[PDB]
Each structure stands twice: as C-alpha cells, then as structure tokens.
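Step one of this worksheet: look at the structure below.
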Amino acid sequence: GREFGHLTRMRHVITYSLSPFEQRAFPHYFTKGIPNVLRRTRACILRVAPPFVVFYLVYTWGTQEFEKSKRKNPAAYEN
Amino acid sequence: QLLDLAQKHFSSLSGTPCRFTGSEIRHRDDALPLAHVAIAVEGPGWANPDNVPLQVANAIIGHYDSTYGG
C-alpha cells in the first residue's frame, strides 16, 4: 500500500549525495546559520509577535486596573 | 622477427593518486522497465597482491542471470 516502490511516479530527477563520514556535521554552522536565523526571524516577527504584544498590553492593564479597584476611594469615606 | 620489424618501423618514434569518495548518484526514471544498481567500494591497485584473494571472494559471491540453468 504505502511502501517505497509505488508511492509516486518521478522521472528525470538526478540526486547527488555524500557519505556522512566524508562531510562535516556542522558545515558553516555560524557563518551561514546566524544570517539564516535572522532572515527567518524577520519574516515571522511581524506575524507572530504582534498578537502576543497585544496580550502583554491587556495583561498589564488588567493587573493595574485590578490593583486600582482594590485601592481606597477617598470620596466614599468623605463626610 | 617481431623485434626486428619493430626496430624497422617503430624506431622512428619519439624517445595523481585518485581519491575514492563514498557517495551516490540516483537517476530516478520510473519509465524504465528495470532498475540498474551498481555499488562498489575502494579497491586495490594492479600491483596490490590483495587482488588475488579479492577475486576469490567475488568468485564466492558469483554471478547470476535469469537465463542461468543452475
């Protein structure tokens, strides 16, 4: 059913590989990894962060508002 | 006779160890009826004595074809 041999039909695709004992496990890990991470972060920061920033603003206001509510009201004890 | 002929005709004549790499090339083509595979390892040179036993080893593995009567 789902086995290597009849999954799909592919033609004229040549793949070149290398032995894991002939290549480095961390090739250019920081020279190319760090720029790549920045690219990925930049592409997603404007789609992931903004919703969470709203939560932080709501969380701060709610915490402050709850504190203010418990605070003493001088006008209530006037007269 | 051969030597004198060579001296007659051939006298008027002018007086990088390769690196084996474990890798693979896969030419995926599902239209072909059968799949060919060739897998090898680094072998010895011509002058290496180990060629003699290794051939024996291959003789042990042998060869087969669908038309063999064995």
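The way I read the labels, and the way they are meant: chains A, B, ... in the order of the structure tokens, residue 1 as the first residue of every chain, and ligand 1 as the first ligand shown, with later ones counted on from there.
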**Report entry** 9 Å contacts from chain A to chain B using only C-alpha atoms, as number ranges by chain
**Finding:** A: 9-22
File dump, residues just selected, N, CA and C atoms, as a CSV table (one decimal), in the first residue's frame:
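Output below, filename out.csv:
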chain,number,residue,atom,x,y,z
A,9,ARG,N,5.2,8.6,-9.1
A,9,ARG,CA,6.0,8.4,-10.3
A,9,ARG,C,6.8,9.7,-10.5
A,10,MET,N,8.1,9.6,-10.6
A,10,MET,CA,9.0,10.7,-10.8
A,10,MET,C,10.1,10.3,-11.9
A,11,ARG,N,10.3,11.2,-12.8
A,11,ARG,CA,11.2,11.0,-13.9
A,11,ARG,C,12.3,12.1,-14.0
A,12,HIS,N,13.5,11.7,-14.5
A,12,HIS,CA,14.5,12.7,-14.9
A,12,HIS,C,14.9,13.6,-13.7
A,13,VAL,N,15.0,13.0,-12.5
A,13,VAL,CA,15.5,13.7,-11.4
A,13,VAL,C,16.7,13.0,-10.8
A,14,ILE,N,17.9,13.7,-10.9
A,14,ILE,CA,19.1,13.1,-10.5
A,14,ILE,C,19.5,13.7,-9.2
A,15,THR,N,19.8,12.9,-8.2
A,15,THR,CA,20.2,13.3,-6.8
A,15,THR,C,21.6,12.9,-6.6
A,16,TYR,N,22.4,13.8,-6.1
A,16,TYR,CA,23.8,13.6,-5.7
A,16,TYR,C,23.9,13.7,-4.2
A,17,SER,N,24.6,12.7,-3.5
A,17,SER,CA,24.7,12.8,-2.1
A,17,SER,C,26.2,12.6,-1.7
A,18,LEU,N,26.4,12.4,-0.4
A,18,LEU,CA,27.7,12.2,0.1
A,18,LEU,C,27.7,11.4,1.4
A,19,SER,N,28.7,10.6,1.6
A,19,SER,CA,28.8,9.8,2.8
A,19,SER,C,28.8,10.7,4.1
A,20,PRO,N,28.1,10.3,5.2
A,20,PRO,CA,28.2,11.1,6.4
A,20,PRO,C,29.6,11.1,7.0
A,21,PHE,N,30.5,10.2,6.6
A,21,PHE,CA,31.9,10.1,7.1
A,21,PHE,C,32.8,10.9,6.1
A,22,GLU,N,32.3,11.5,5.1
A,22,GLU,CA,33.1,12.3,4.2
A,22,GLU,C,32.8,13.8,4.3
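Going from CA of residue 65 (chain B) to CA of residue 53 (chain B) covers 24.1 Å.
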Requested in this report: Write down as a PyMOL selection string the residues of region 1-65 of chain A whose backbone DSSP state falls under helix (DSSP H, G or I).
Outcome: chain A and resi 33-65
Report task. From a DSSP pass on the backbone, collect the residues of chain B flagged as strand (DSSP E) and hand them back as a list in words. Result -> residues 23, 24, 25, 26, 27, 28 and 29 of chain B
